[PDB]
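These notes concern the structure reproduced below.
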Amino acid sequence: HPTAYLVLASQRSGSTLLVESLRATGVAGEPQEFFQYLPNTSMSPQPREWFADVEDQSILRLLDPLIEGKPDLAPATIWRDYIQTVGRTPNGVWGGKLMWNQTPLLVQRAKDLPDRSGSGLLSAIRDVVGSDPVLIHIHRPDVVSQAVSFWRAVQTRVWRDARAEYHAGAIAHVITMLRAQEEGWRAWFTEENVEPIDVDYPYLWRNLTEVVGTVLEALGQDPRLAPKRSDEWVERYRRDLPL
Amino acid sequence: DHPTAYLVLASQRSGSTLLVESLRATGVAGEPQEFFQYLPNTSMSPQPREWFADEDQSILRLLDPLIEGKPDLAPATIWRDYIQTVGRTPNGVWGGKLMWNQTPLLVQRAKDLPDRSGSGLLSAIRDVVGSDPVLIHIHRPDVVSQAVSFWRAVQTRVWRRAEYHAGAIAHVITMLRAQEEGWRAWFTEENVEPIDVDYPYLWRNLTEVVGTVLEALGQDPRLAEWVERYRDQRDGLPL
Ligand SMILES: OC[C@H]1O[C@H](O[C@H]2O[C@H](CO)[C@@H](O)[C@H](O)[C@H]2O)[C@H](O)[C@@H](O)[C@@H]1O
Ligand SMILES: OC[C@H]1O[C@H](O[C@H]2O[C@H](CO)[C@@H](O)[C@H](O)[C@H]2O)[C@H](O)[C@@H](O)[C@@H]1O
């Protein structure tokens, strides 16, 4: 009987609908992107960071200026422990989100734990979470609609409106990137022989309460608790590059 | 000229969680957890056997037994850095929740902060959030219906099955009393005037309340029953 789940995904791929949907039951932990923070800035990736290899100024200017933060200096054990306690409901169940771009981070961070128990991503997850989470995998076949929502979100800084410009080269960039996270997870599932509870977004949109219940079920929770404008850029980005 | 952080000061199973989660849906008011709730010896929230620790095997039998977790070994600097980052959204707003029973924890924890700006709760708040948080205070004034939820959940462990029992819902209804005092007596004893929504107002018109919180943060409002069976009649159990 697993005491923890972890949702594997990509930015704006749906993980939110599921994951918040879980949080509300109040028996599925307090999922967060516990692994999003960069160690040199103790911040989430910032807009100019996602585009650090873009020297096209026309896209650059659309993005906020960097903030310099500060190195996270928590010892590995202290880092793990904070995450373990914040993410977990009184019932004792833990949840959180993990994006594929964050995997190296997590693995970098676990490296200096005592009793580390492997050297790969799977051990990392195990050693950080403290048990063997129910892996779940929300994905999106419509990369363009997603890239679009991403390229908007990175400008406005809002991930759940006046400044937001279209831009082909950028969307291309975001697409090239989201695609890579997919190949990332794909290769990994085979790499360490794992079979997630796979659930693409359309299915997820349609059947929320079904899924929110299966996950609920896999954690030994009563599945009872599972509760109930077009993109011009997406039309546009087709005409105009990768997909 | 935005204040870029909010606390919601409240009490267990008030509107507290319903407000806070709505704001979270915004994508624009941080990730308001209950950062101050975790006890240092266990590093978890208070657990039933811990709440009801003051003299009667009538309750101590309805309550799951004491798990024991682990020591919170985070220096205060790291503790506050974490709360500051995890509670923020990308737009840079921070949100969170605080509950009168946790206030001594906050203060005890803040004492080792290098830059202590003062000595009471309110400078504690500021030194921890790194700013001046818009205060929101929630109360559900119907203490019976509050105390009920807190007893249902204090044994279900689900704070969003097991039985009624009056002599406990005493201890609750009255612990919740001295908590709600605390707040009111803190509001004047440090001259704070919090925004002041109420559970009825919320469970009905929460769309406004949220829209209020968002403007105070400079955002966009446009974004967004064994009660009667307690209502003992006979015994004289404070209500
Ligand atoms: O003592 C029990 C704790 O439970 C209450 O809140 C839990 O429920 C929420 C989600 O369902 C969370 O925000 C939180 O993590 C939980 O602790 C209560 O609000 C607390 O004061 C208690 O510590
Ligand atoms: O690009 C920076 C990060 O932003 C996205 O996540 C933000 O969006 C959600 C907003 O409600 C939050 O849950 C979260 O805390 C944010 O950081 C994205 O999902 C990330 O992977 C990035 O770290």
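Read-outs: derived from the displayed coordinates by stated rules, not from any lab. Note that each Cβ is placed from the backbone with ideal geometry, even for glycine, and that neighbours are counted across all protein chains shown.
A few notes on this one:
- Taking label positions 7 Å along the Cα-Cβ direction at both A:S230 and A:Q108, the computed distance is 4.3 nm, reported to one decimal.
- Counting Cβ atoms of other protein chains within 10 Å of each residue's Cβ and taking the mean over peptide B:71-79 gives 4.
- Placing a pseudo-label 7 Å from each Cα along the Cα-to-Cβ vector at A:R160 and B:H2 gives an inter-label distance of 1.4 nm.
- Cleavage-rule hits, trypsin sites (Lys or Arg not before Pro), the stretch A:161-191, DSSP coil, Cβ neighbours within 10 Å at most 14: A:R163
- Computed magnitude of the charge dipole of the protein assembly as shown (debye, nearest 20; Cβ of K, R +1, Cβ of D, E -1): 440 debye
- Rounded Å value of the spacing that divides the Cα centres of the stretch A:93-131 and the stretch B:160-195: 40 Å
- Proximal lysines relative to A:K111, as straight alpha-carbon distance under 28 Å, when same-chain residues fewer than 8 apart are discounted: A:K70, A:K97, B:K70
- Protection proxy ranking of B:116-125, A:141-150 - average other beta-carbon atoms within 10 Å, highest first: A:141-150, B:116-125
- Our note on the geometry: Cα centres of the stretch A:213-227 and the stretch B:20-72, 22 Å apart.
- For chain B, with +1 on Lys and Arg beta carbons and -1 on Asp and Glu, the positive-most of B:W94, B:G167, B:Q179 along the dipole: B:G167
- Loop trypsin sites (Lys or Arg not before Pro), the stretch A:24-80 (other Cβ atoms within 10 Å of the site Cβ: 11 or fewer; DSSP): A:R61
- Partner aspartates and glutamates whose Cα lies under 13 Å from the Cα of A:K228, excluding those fewer than 8 positions away in the same chain, are identified as A:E20, A:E210.
- With each label modelled as a point 7 angstrom along the Cα→C-beta vector, the B:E55-A:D53 pair spans 7.0 nm.
- Cα gyration tensor, the protein assembly as shown - rounded (a/c under 1.5), prolate or oblate: prolate
- Within the stretch A:23-115, the GluC sites (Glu not before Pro) that combine a DSSP coil assignment with at most 10 other C-beta atoms in a 10 angstrom radius are A:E55, A:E68.
- Inter-chain Cβ neighbour count for A:80-88, averaged per residue, equals 5 (cutoff 10 Å, partner chain atoms only).
- About its Cα centre, chain A has a charge dipole of approximately 500 debye under the convention of +1 per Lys or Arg Cβ and -1 per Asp or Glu Cβ, with nothing else charged.
- Gyration tensor verdict on chain A (Cα atoms; rounded if a/c is under 1.5, prolate if a/b is larger than b/c, oblate otherwise): oblate
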